[PDB]
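K.L.:
As input, take entry-v5.pdb (PDB, C-alpha atoms and all ligand atoms):
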```
ATOM      1  CA  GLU A   3       0.000   0.000   0.000
ATOM      2  CA  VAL A   4       2.677   2.513   1.072
ATOM      3  CA  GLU A   5       6.467   2.596   0.795
ATOM      4  CA  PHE A   6       8.796   4.677   2.943
ATOM      5  CA  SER A   7      11.682   6.503   1.306
ATOM      6  CA  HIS A   8      15.288   5.327   1.363
ATOM      7  CA  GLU A   9      16.104   8.202   3.725
ATOM      8  CA  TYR A  10      13.501   6.997   6.222
ATOM      9  CA  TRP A  11      15.127   3.590   6.611
ATOM     10  CA  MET A  12      18.662   5.029   6.593
ATOM     11  CA  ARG A  13      17.643   7.298   9.481
ATOM     12  CA  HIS A  14      16.656   4.236  11.501
ATOM     13  CA  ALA A  15      19.967   2.584  10.602
ATOM     14  CA  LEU A  16      21.699   5.750  11.829
ATOM     15  CA  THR A  17      19.928   5.370  15.171
ATOM     16  CA  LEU A  18      21.241   1.806  15.427
ATOM     17  CA  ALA A  19      24.756   2.925  14.455
ATOM     18  CA  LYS A  20      24.851   5.096  17.579
ATOM     19  CA  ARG A  21      24.237   2.023  19.749
ATOM     20  CA  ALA A  22      27.495   0.604  18.386
ATOM     21  CA  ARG A  23      29.164   4.007  18.850
ATOM     22  CA  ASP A  24      28.186   4.145  22.532
ATOM     23  CA  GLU A  25      29.718   0.677  23.015
ATOM     24  CA  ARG A  26      33.045   1.820  21.465
ATOM     25  CA  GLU A  27      32.490  -0.255  18.325
ATOM     26  CA  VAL A  28      32.832   0.908  14.728
ATOM     27  CA  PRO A  29      29.523   2.822  14.461
ATOM     28  CA  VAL A  30      27.588   1.017  11.720
ATOM     29  CA  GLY A  31      23.851   0.403  11.742
ATOM     30  CA  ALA A  32      21.750  -1.723   9.434
ATOM     31  CA  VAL A  33      18.086  -2.512   8.890
ATOM     32  CA  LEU A  34      16.599  -5.191   6.624
ATOM     33  CA  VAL A  35      13.271  -4.320   4.979
ATOM     34  CA  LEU A  36      10.706  -6.616   3.341
ATOM     35  CA  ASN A  37       7.345  -5.297   2.089
ATOM     36  CA  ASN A  38       7.917  -1.976   3.890
ATOM     37  CA  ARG A  39       8.344  -3.790   7.228
ATOM     38  CA  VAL A  40      11.433  -4.254   9.373
ATOM     39  CA  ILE A  41      12.446  -7.918   9.383
ATOM     40  CA  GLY A  42      15.952  -7.322  10.714
ATOM     41  CA  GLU A  43      18.038  -4.838  12.691
ATOM     42  CA  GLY A  44      21.769  -4.769  13.303
ATOM     43  CA  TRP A  45      24.631  -2.793  14.797
ATOM     44  CA  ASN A  46      28.318  -3.693  15.155
ATOM     45  CA  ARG A  47      28.976  -5.847  18.218
ATOM     46  CA  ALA A  48      32.044  -7.915  17.229
ATOM     47  CA  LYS A  49      34.191  -6.834  20.199
ATOM     48  CA  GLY A  50      31.588  -7.272  22.935
ATOM     49  CA  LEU A  51      30.300 -10.591  21.582
ATOM     50  CA  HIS A  52      33.758 -12.032  20.684
ATOM     51  CA  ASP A  53      32.321 -12.819  17.241
ATOM     52  CA  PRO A  54      34.257 -11.683  14.141
ATOM     53  CA  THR A  55      31.029 -12.020  12.125
ATOM     54  CA  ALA A  56      28.924  -9.712  14.354
ATOM     55  CA  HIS A  57      28.861  -6.811  11.889
ATOM     56  CA  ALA A  58      25.702  -4.720  11.593
ATOM     57  CA  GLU A  59      24.709  -6.152   8.213
ATOM     58  CA  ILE A  60      25.206  -9.748   9.360
ATOM     59  CA  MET A  61      23.165  -9.213  12.507
ATOM     60  CA  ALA A  62      20.278  -7.813  10.472
ATOM     61  CA  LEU A  63      20.475 -10.717   8.000
ATOM     62  CA  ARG A  64      20.465 -13.262  10.825
ATOM     63  CA  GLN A  65      17.423 -11.590  12.393
ATOM     64  CA  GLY A  66      15.741 -11.752   8.991
ATOM     65  CA  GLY A  67      16.395 -15.475   8.744
ATOM     66  CA  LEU A  68      14.725 -15.909  12.112
ATOM     67  CA  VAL A  69      11.732 -13.762  11.106
ATOM     68  CA  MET A  70      11.263 -15.575   7.778
ATOM     69  CA  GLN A  71      12.346 -19.039   9.020
ATOM     70  CA  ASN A  72      14.313 -19.159   5.784
ATOM     71  CA  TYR A  73      17.989 -18.672   5.067
ATOM     72  CA  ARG A  74      16.938 -17.169   1.705
ATOM     73  CA  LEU A  75      15.560 -13.622   2.077
ATOM     74  CA  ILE A  76      14.252 -12.973  -1.437
ATOM     75  CA  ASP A  77      13.384  -9.408  -2.522
ATOM     76  CA  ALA A  78      14.442  -7.858   0.784
ATOM     77  CA  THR A  79      16.342  -4.573   0.895
ATOM     78  CA  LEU A  80      19.270  -4.166   3.295
ATOM     79  CA  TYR A  81      20.113  -0.654   4.510
ATOM     80  CA  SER A  82      23.586  -0.003   5.922
ATOM     81  CA  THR A  83      25.045   3.325   7.019
ATOM     82  CA  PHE A  84      28.456   2.157   5.752
ATOM     83  CA  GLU A  85      29.546   0.285   2.654
ATOM     84  CA  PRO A  86      29.591  -3.396   3.677
ATOM     85  CA  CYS A  87      32.823  -5.364   3.894
ATOM     86  CA  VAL A  88      33.527  -8.433   1.777
ATOM     87  CA  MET A  89      32.253 -10.797   4.475
ATOM     88  CA  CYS A  90      28.923  -8.976   4.601
ATOM     89  CA  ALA A  91      28.711  -8.660   0.798
ATOM     90  CA  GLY A  92      28.995 -12.441   0.486
ATOM     91  CA  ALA A  93      26.332 -12.907   3.154
ATOM     92  CA  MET A  94      23.899 -10.823   1.091
ATOM     93  CA  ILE A  95      24.683 -12.927  -1.979
ATOM     94  CA  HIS A  96      23.909 -16.147  -0.126
ATOM     95  CA  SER A  97      20.855 -14.434   1.364
ATOM     96  CA  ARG A  98      19.648 -13.658  -2.191
ATOM     97  CA  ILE A  99      18.439 -10.235  -1.087
ATOM     98  CA  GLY A 100      17.167  -7.865  -3.737
ATOM     99  CA  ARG A 101      18.904  -4.584  -2.966
ATOM    100  CA  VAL A 102      21.583  -3.111  -0.719
ATOM    101  CA  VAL A 103      21.344   0.601   0.109
ATOM    102  CA  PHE A 104      24.341   2.155   1.838
ATOM    103  CA  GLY A 105      25.296   5.664   2.909
ATOM    104  CA  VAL A 106      29.030   6.398   2.600
ATOM    105  CA  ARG A 107      31.583   4.374   0.634
ATOM    106  CA  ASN A 108      34.580   2.569   2.128
ATOM    107  CA  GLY A 115      37.876  -5.066   1.048
ATOM    108  CA  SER A 116      34.400  -3.693   0.363
ATOM    109  CA  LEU A 117      31.229  -4.390  -1.621
ATOM    110  CA  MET A 118      32.350  -2.464  -4.716
ATOM    111  CA  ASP A 119      35.534  -4.558  -4.969
ATOM    112  CA  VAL A 120      33.541  -7.813  -5.319
ATOM    113  CA  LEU A 121      30.852  -7.155  -7.936
ATOM    114  CA  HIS A 122      31.987  -9.627 -10.621
ATOM    115  CA  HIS A 123      33.668 -12.085  -8.264
ATOM    116  CA  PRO A 124      33.088 -15.701  -9.398
ATOM    117  CA  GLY A 125      31.138 -16.413  -6.202
ATOM    118  CA  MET A 126      28.295 -14.070  -7.206
ATOM    119  CA  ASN A 127      25.620 -16.464  -8.481
ATOM    120  CA  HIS A 128      22.907 -13.894  -7.678
ATOM    121  CA  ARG A 129      22.677 -10.215  -8.617
ATOM    122  CA  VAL A 130      21.994  -7.717  -5.819
ATOM    123  CA  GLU A 131      21.055  -4.168  -6.803
ATOM    124  CA  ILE A 132      23.118  -1.332  -5.320
ATOM    125  CA  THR A 133      22.034   2.141  -4.195
ATOM    126  CA  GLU A 134      24.534   4.458  -2.523
ATOM    127  CA  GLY A 135      24.696   7.957  -1.078
ATOM    128  CA  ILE A 136      21.519   7.963   1.039
ATOM    129  CA  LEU A 137      22.133  10.382   3.925
ATOM    130  CA  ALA A 138      25.822  10.375   3.021
ATOM    131  CA  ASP A 139      26.622  13.417   5.195
ATOM    132  CA  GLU A 140      25.037  11.947   8.346
ATOM    133  CA  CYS A 141      26.655   8.530   7.869
ATOM    134  CA  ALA A 142      30.093  10.072   7.304
ATOM    135  CA  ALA A 143      29.786  12.300  10.384
ATOM    136  CA  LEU A 144      29.531   9.228  12.625
ATOM    137  CA  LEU A 145      32.567   7.527  11.096
ATOM    138  CA  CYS A 146      34.688  10.690  11.058
ATOM    139  CA  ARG A 147      33.911  11.424  14.717
ATOM    140  CA  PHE A 148      34.805   7.828  15.612
ATOM    141  CA  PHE A 149      38.051   7.782  13.608
ATOM    142  CA  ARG A 150      38.999  11.445  14.273
ATOM    143  CA  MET A 151      39.258  12.023  10.513
ATOM    144  CA  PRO A 152      38.348  15.064   8.401
ATOM    145  CA  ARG A 153      35.293  14.981   6.158
ATOM    146  CA  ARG A 154      37.603  14.411   3.168
ATOM    147  CA  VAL A 155      38.150  10.779   4.204
TER     148      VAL A 155
ATOM    149  CA  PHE B   6      49.113 -33.492  14.118
ATOM    150  CA  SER B   7      49.538 -33.239  10.371
ATOM    151  CA  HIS B   8      47.188 -31.368   8.058
ATOM    152  CA  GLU B   9      45.713 -34.757   7.155
ATOM    153  CA  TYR B  10      45.103 -35.425  10.853
ATOM    154  CA  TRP B  11      42.967 -32.295  11.266
ATOM    155  CA  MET B  12      41.207 -32.735   7.911
ATOM    156  CA  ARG B  13      40.027 -36.142   9.128
ATOM    157  CA  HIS B  14      38.260 -34.470  12.044
ATOM    158  CA  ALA B  15      36.671 -31.932   9.691
ATOM    159  CA  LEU B  16      35.501 -34.892   7.604
ATOM    160  CA  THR B  17      33.743 -36.261  10.683
ATOM    161  CA  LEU B  18      32.008 -32.899  11.086
ATOM    162  CA  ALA B  19      31.057 -32.827   7.397
ATOM    163  CA  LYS B  20      29.034 -36.003   7.920
ATOM    164  CA  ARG B  21      27.011 -34.308  10.659
ATOM    165  CA  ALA B  22      25.977 -31.788   8.010
ATOM    166  CA  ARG B  23      25.200 -34.723   5.697
ATOM    167  CA  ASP B  24      23.037 -36.315   8.390
ATOM    168  CA  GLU B  25      21.205 -32.978   8.684
ATOM    169  CA  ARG B  26      20.577 -32.949   4.896
ATOM    170  CA  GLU B  27      22.912 -29.967   4.445
ATOM    171  CA  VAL B  28      25.697 -29.505   1.924
ATOM    172  CA  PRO B  29      28.207 -31.703   3.765
ATOM    173  CA  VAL B  30      31.082 -29.396   4.746
ATOM    174  CA  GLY B  31      32.969 -29.612   8.022
ATOM    175  CA  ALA B  32      35.506 -27.277   9.598
ATOM    176  CA  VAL B  33      37.836 -27.284  12.587
ATOM    177  CA  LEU B  34      39.779 -24.327  13.982
ATOM    178  CA  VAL B  35      43.165 -25.260  15.428
ATOM    179  CA  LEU B  36      45.457 -23.156  17.598
ATOM    180  CA  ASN B  37      48.778 -24.544  18.867
ATOM    181  CA  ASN B  38      47.674 -28.092  18.013
ATOM    182  CA  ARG B  39      44.462 -27.734  20.054
ATOM    183  CA  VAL B  40      40.886 -27.571  18.749
ATOM    184  CA  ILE B  41      39.338 -24.208  19.634
ATOM    185  CA  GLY B  42      36.401 -24.337  17.228
ATOM    186  CA  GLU B  43      34.332 -26.938  15.405
ATOM    187  CA  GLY B  44      31.693 -26.261  12.785
ATOM    188  CA  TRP B  45      29.575 -27.888  10.126
ATOM    189  CA  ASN B  46      27.197 -26.503   7.517
ATOM    190  CA  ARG B  47      23.730 -25.805   8.972
ATOM    191  CA  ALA B  48      22.498 -22.762   7.011
ATOM    192  CA  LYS B  49      19.207 -24.187   5.743
ATOM    193  CA  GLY B  50      18.062 -25.929   8.922
ATOM    194  CA  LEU B  51      18.985 -23.004  11.186
ATOM    195  CA  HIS B  52      17.429 -20.268   8.990
ATOM    196  CA  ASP B  53      20.806 -18.499   9.019
ATOM    197  CA  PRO B  54      22.465 -17.663   5.678
ATOM    198  CA  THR B  55      25.777 -17.256   7.539
ATOM    199  CA  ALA B  56      25.694 -20.662   9.265
ATOM    200  CA  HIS B  57      28.391 -22.227   7.090
ATOM    201  CA  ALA B  58      30.854 -24.705   8.574
ATOM    202  CA  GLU B  59      33.719 -22.218   8.629
ATOM    203  CA  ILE B  60      31.693 -19.459  10.315
ATOM    204  CA  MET B  61      30.307 -21.843  12.934
ATOM    205  CA  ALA B  62      33.865 -22.863  13.867
ATOM    206  CA  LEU B  63      35.129 -19.273  13.999
ATOM    207  CA  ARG B  64      32.168 -18.189  16.119
ATOM    208  CA  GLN B  65      32.815 -20.936  18.659
ATOM    209  CA  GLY B  66      36.509 -20.089  18.462
ATOM    210  CA  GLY B  67      35.867 -16.441  19.271
ATOM    211  CA  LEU B  68      33.970 -17.496  22.391
ATOM    212  CA  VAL B  69      36.538 -20.123  23.443
ATOM    213  CA  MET B  70      39.310 -17.510  23.231
ATOM    214  CA  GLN B  71      37.067 -14.644  24.467
ATOM    215  CA  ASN B  72      38.368 -12.630  21.525
ATOM    216  CA  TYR B  73      37.007 -11.957  18.060
ATOM    217  CA  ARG B  74      40.625 -11.975  16.839
ATOM    218  CA  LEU B  75      41.964 -15.505  16.476
ATOM    219  CA  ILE B  76      45.635 -14.824  15.722
ATOM    220  CA  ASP B  77      47.877 -17.696  14.514
ATOM    221  CA  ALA B  78      44.965 -20.130  14.272
ATOM    222  CA  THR B  79      44.553 -22.481  11.329
ATOM    223  CA  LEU B  80      41.095 -23.182   9.908
ATOM    224  CA  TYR B  81      40.592 -26.559   8.241
ATOM    225  CA  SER B  82      37.652 -26.874   5.852
ATOM    226  CA  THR B  83      36.697 -29.876   3.734
ATOM    227  CA  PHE B  84      35.492 -27.478   1.016
ATOM    228  CA  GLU B  85      36.864 -24.263  -0.446
ATOM    229  CA  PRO B  86      35.414 -21.380   1.609
ATOM    230  CA  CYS B  87      32.965 -18.998  -0.045
ATOM    231  CA  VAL B  88      33.510 -15.240  -0.197
ATOM    232  CA  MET B  89      31.552 -14.638   3.023
ATOM    233  CA  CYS B  90      33.629 -17.130   4.987
ATOM    234  CA  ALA B  91      36.836 -15.788   3.433
ATOM    235  CA  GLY B  92      35.855 -12.330   4.667
ATOM    236  CA  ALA B  93      35.257 -13.771   8.133
ATOM    237  CA  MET B  94      38.752 -15.324   8.113
ATOM    238  CA  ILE B  95      40.257 -11.919   7.320
ATOM    239  CA  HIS B  96      38.414 -10.178  10.153
ATOM    240  CA  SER B  97      39.358 -12.984  12.543
ATOM    241  CA  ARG B  98      43.017 -12.453  11.502
ATOM    242  CA  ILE B  99      43.670 -16.204  11.401
ATOM    243  CA  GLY B 100      47.009 -17.381  10.104
ATOM    244  CA  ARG B 101      46.091 -20.082   7.625
ATOM    245  CA  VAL B 102      43.117 -21.702   5.929
ATOM    246  CA  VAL B 103      43.594 -25.324   4.886
ATOM    247  CA  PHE B 104      40.931 -26.735   2.594
ATOM    248  CA  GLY B 105      40.464 -30.013   0.767
ATOM    249  CA  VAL B 106      38.774 -29.768  -2.641
ATOM    250  CA  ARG B 107      38.132 -26.586  -4.612
ATOM    251  CA  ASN B 108      34.782 -25.423  -5.941
ATOM    252  CA  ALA B 109      34.777 -26.434  -9.607
ATOM    253  CA  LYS B 110      32.094 -23.854 -10.444
ATOM    254  CA  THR B 111      33.174 -20.726  -8.530
ATOM    255  CA  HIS B 112      36.958 -20.632  -8.918
ATOM    256  CA  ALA B 113      39.196 -18.583 -11.209
ATOM    257  CA  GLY B 115      42.213 -17.578  -7.884
ATOM    258  CA  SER B 116      38.891 -16.489  -6.411
ATOM    259  CA  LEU B 117      39.976 -17.266  -2.855
ATOM    260  CA  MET B 118      43.439 -15.790  -3.477
ATOM    261  CA  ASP B 119      41.828 -12.586  -4.779
ATOM    262  CA  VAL B 120      40.254 -12.177  -1.330
ATOM    263  CA  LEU B 121      42.555 -13.828   1.212
ATOM    264  CA  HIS B 122      45.990 -12.962  -0.189
ATOM    265  CA  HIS B 123      45.193  -9.601  -1.775
ATOM    266  CA  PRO B 124      48.376  -7.464  -1.555
ATOM    267  CA  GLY B 125      46.522  -4.257  -0.639
ATOM    268  CA  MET B 126      44.959  -5.766   2.483
ATOM    269  CA  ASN B 127      45.792  -5.289   6.146
ATOM    270  CA  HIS B 128      45.955  -9.044   6.820
ATOM    271  CA  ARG B 129      47.118 -11.919   4.620
ATOM    272  CA  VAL B 130      45.740 -15.393   5.349
ATOM    273  CA  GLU B 131      47.879 -18.251   4.037
ATOM    274  CA  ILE B 132      46.287 -20.918   1.852
ATOM    275  CA  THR B 133      46.960 -24.650   1.760
ATOM    276  CA  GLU B 134      44.783 -26.797  -0.480
ATOM    277  CA  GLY B 135      44.401 -30.418  -1.545
ATOM    278  CA  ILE B 136      44.487 -32.081   1.890
ATOM    279  CA  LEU B 137      42.431 -35.294   1.510
ATOM    280  CA  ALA B 138      40.697 -33.621  -1.422
ATOM    281  CA  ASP B 139      39.240 -36.858  -2.812
ATOM    282  CA  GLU B 140      37.746 -37.843   0.543
ATOM    283  CA  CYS B 141      36.262 -34.347   0.833
ATOM    284  CA  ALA B 142      34.923 -34.545  -2.738
ATOM    285  CA  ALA B 143      33.354 -37.973  -2.175
ATOM    286  CA  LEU B 144      31.065 -36.525   0.501
ATOM    287  CA  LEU B 145      29.981 -33.611  -1.693
ATOM    288  CA  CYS B 146      29.369 -35.759  -4.776
ATOM    289  CA  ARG B 147      27.245 -38.267  -2.838
ATOM    290  CA  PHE B 148      25.103 -35.332  -1.686
ATOM    291  CA  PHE B 149      24.647 -33.949  -5.229
ATOM    292  CA  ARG B 150      22.535 -36.349  -7.334
TER     293      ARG B 150
HETATM  294 ZN    ZN C 201      30.854  -6.504   7.398
HETATM  295 ZN    ZN C 202      30.980 -19.974   3.397
END
```
Written as structure tokens, that's how I'd like the structure from this file.
P.N.:
Amino acid sequence: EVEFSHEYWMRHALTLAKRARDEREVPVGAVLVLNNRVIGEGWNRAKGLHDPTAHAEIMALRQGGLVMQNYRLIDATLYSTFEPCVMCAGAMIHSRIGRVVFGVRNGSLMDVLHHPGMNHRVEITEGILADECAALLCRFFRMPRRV
Amino acid sequence: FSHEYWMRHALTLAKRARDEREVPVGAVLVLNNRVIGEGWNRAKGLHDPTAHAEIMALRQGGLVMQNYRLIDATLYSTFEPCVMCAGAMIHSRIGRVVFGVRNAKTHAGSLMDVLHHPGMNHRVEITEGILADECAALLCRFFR
């Protein structure tokens, strides 16, 4: 019936990214959307959980699998405040999601577009709320806005 | 405590995945000749697209060591790790991945392009071919 904008979901991901920031983790937030509903939320928790896979995007994808009772999450859209790493990019491929939408650019997702392990095609949208996403990462890494 | 010794344990784990009707891949994470992580493929039955054998072993390893970084560990996998699991090995900063048989479909190499990329912070060493035929026999029996 209705669809929220990209910016609406990115703003929720930005809220989640601050949860990681407050816990002294790389401040990335992610939200997985199917039929205009949240089926997954994530923020970075690798350090506190002792889990090298606990990135924001992975946590949202795992929550989606639990919501759908299906390791395949067809036609879902994953929002991430930061360009996903190679581990998370492969997880989306195996998840068979429809679209990834990320804020600021960064291995990373762009480096692995035509990698031989890409049986499925995921659509890419970038730049949504780029300024807000970059502000979190620059404040966490003490870098200028140029980076 | 040879490569073949650890691969044989991963082969035992790969049959657990077979018994669960999953793509039969097993993995064992070894640090200083001790097992710190064991995993087998469970992605379909667990509704988790990340629940591959290699990730399951690394996740248990992170909790056994109380550290998401698993320095100097060696990960044994009966099957060539996918891109997702290769990315997990990089972030875990393990020393070496040892796998049996390659993926005939997705391989160009593909794992080297991701694990041993020269412009990367960490390089994971690759050893392949350990009990490859035994690893392949499990996967072929599962496919048709
Ligand atoms: Zn990631
Ligand atoms: Zn994998």
K.L.:
Pick out the chain B residues within 8 Å of chain A. Count all atoms listed in the file. Give them as a PyMOL selection string.
P.N.:
chain B and resi 48-49+51-55+60+63-64+67-68+71-74+87-93+96-97+111-113+116+120+126
K.L.:
Nearest to residue A:27: which of A:148, A:101, A:79, A:130 is it, counting only C-alpha atoms?
P.N.:
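When distances to residue A:27 are compared using only C-alpha atoms, the smallest one comes from A:148.
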K.L.:
At a cut-off of 8 Å, using all atoms listed in the file, what residues contact residue B:59? Leave out same-chain residues fewer than 6 positions from it and give the result as an NGL selection string.
P.N.:
:B and (31-33 or 44-46 or 80 or 82 or 86 or 90)
K.L.:
I'd like the residues picked by the PyMOL selection byres (((chain A and resi 43) around 9) and not hetatm) written out as a PDB file with C-alpha atoms, in the frame of the given file, using the chain letters and numbers from the file.
P.N.:
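Saved file result-v1.pdb follows:
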```
ATOM      1  CA  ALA A  15      19.967   2.584  10.602  1.00  0.00           C
ATOM      2  CA  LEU A  18      21.241   1.806  15.427  1.00  0.00           C
ATOM      3  CA  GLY A  31      23.851   0.403  11.742  1.00  0.00           C
ATOM      4  CA  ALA A  32      21.750  -1.723   9.434  1.00  0.00           C
ATOM      5  CA  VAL A  33      18.086  -2.512   8.890  1.00  0.00           C
ATOM      6  CA  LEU A  34      16.599  -5.191   6.624  1.00  0.00           C
ATOM      7  CA  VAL A  40      11.433  -4.254   9.373  1.00  0.00           C
ATOM      8  CA  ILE A  41      12.446  -7.918   9.383  1.00  0.00           C
ATOM      9  CA  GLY A  42      15.952  -7.322  10.714  1.00  0.00           C
ATOM     10  CA  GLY A  44      21.769  -4.769  13.303  1.00  0.00           C
ATOM     11  CA  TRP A  45      24.631  -2.793  14.797  1.00  0.00           C
ATOM     12  CA  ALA A  58      25.702  -4.720  11.593  1.00  0.00           C
ATOM     13  CA  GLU A  59      24.709  -6.152   8.213  1.00  0.00           C
ATOM     14  CA  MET A  61      23.165  -9.213  12.507  1.00  0.00           C
ATOM     15  CA  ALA A  62      20.278  -7.813  10.472  1.00  0.00           C
ATOM     16  CA  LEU A  63      20.475 -10.717   8.000  1.00  0.00           C
ATOM     17  CA  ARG A  64      20.465 -13.262  10.825  1.00  0.00           C
ATOM     18  CA  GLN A  65      17.423 -11.590  12.393  1.00  0.00           C
ATOM     19  CA  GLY A  66      15.741 -11.752   8.991  1.00  0.00           C
TER      20      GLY A  66
END
```
K.L.:
Report as an mmCIF file with C-alpha atoms, in the frame of the given file the residues that result from applying the PyMOL selection byres (((chain B and resi 149) around 12) and not hetatm) to the structure here.
P.N.:
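Full text of expr-v1.cif as output:
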```cif
data_model
loop_
_atom_site.group_PDB
_atom_site.id
_atom_site.type_symbol
_atom_site.label_atom_id
_atom_site.label_comp_id
_atom_site.auth_asym_id
_atom_site.auth_seq_id
_atom_site.Cartn_x
_atom_site.Cartn_y
_atom_site.Cartn_z
ATOM 1 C CA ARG B 23 25.200 -34.723 5.697
ATOM 2 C CA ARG B 26 20.577 -32.949 4.896
ATOM 3 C CA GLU B 27 22.912 -29.967 4.445
ATOM 4 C CA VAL B 28 25.697 -29.505 1.924
ATOM 5 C CA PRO B 29 28.207 -31.703 3.765
ATOM 6 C CA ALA B 142 34.923 -34.545 -2.738
ATOM 7 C CA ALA B 143 33.354 -37.973 -2.175
ATOM 8 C CA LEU B 144 31.065 -36.525 0.501
ATOM 9 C CA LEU B 145 29.981 -33.611 -1.693
ATOM 10 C CA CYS B 146 29.369 -35.759 -4.776
ATOM 11 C CA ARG B 147 27.245 -38.267 -2.838
ATOM 12 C CA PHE B 148 25.103 -35.332 -1.686
ATOM 13 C CA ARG B 150 22.535 -36.349 -7.334
#
```
K.L.:
Can you work out which one of B:79, B:17, B:65, B:108 has the shortest atom-to-atom distance to ligand ZN 202 (chain C), counting all atoms listed in the file?
P.N.:
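Closest to ligand ZN 202 (chain C) of all the choices is B:108.
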K.L.:
Which residues, named as in the file, does the PyMOL selection byres (((chain B and resi 104) around 10) and not hetatm) pick out? Answer as an MDAnalysis selection string.
P.N.:
chainID B and resid 8 12 15 32 80:86 101:103 105:107 132:138 141
K.L.:
Ranking A:7, A:38, A:17, A:108 by minimum distance to ligand ZN 201 (chain C) and counting only C-alpha atoms and all ligand atoms, which one comes first?
P.N.:
A:108
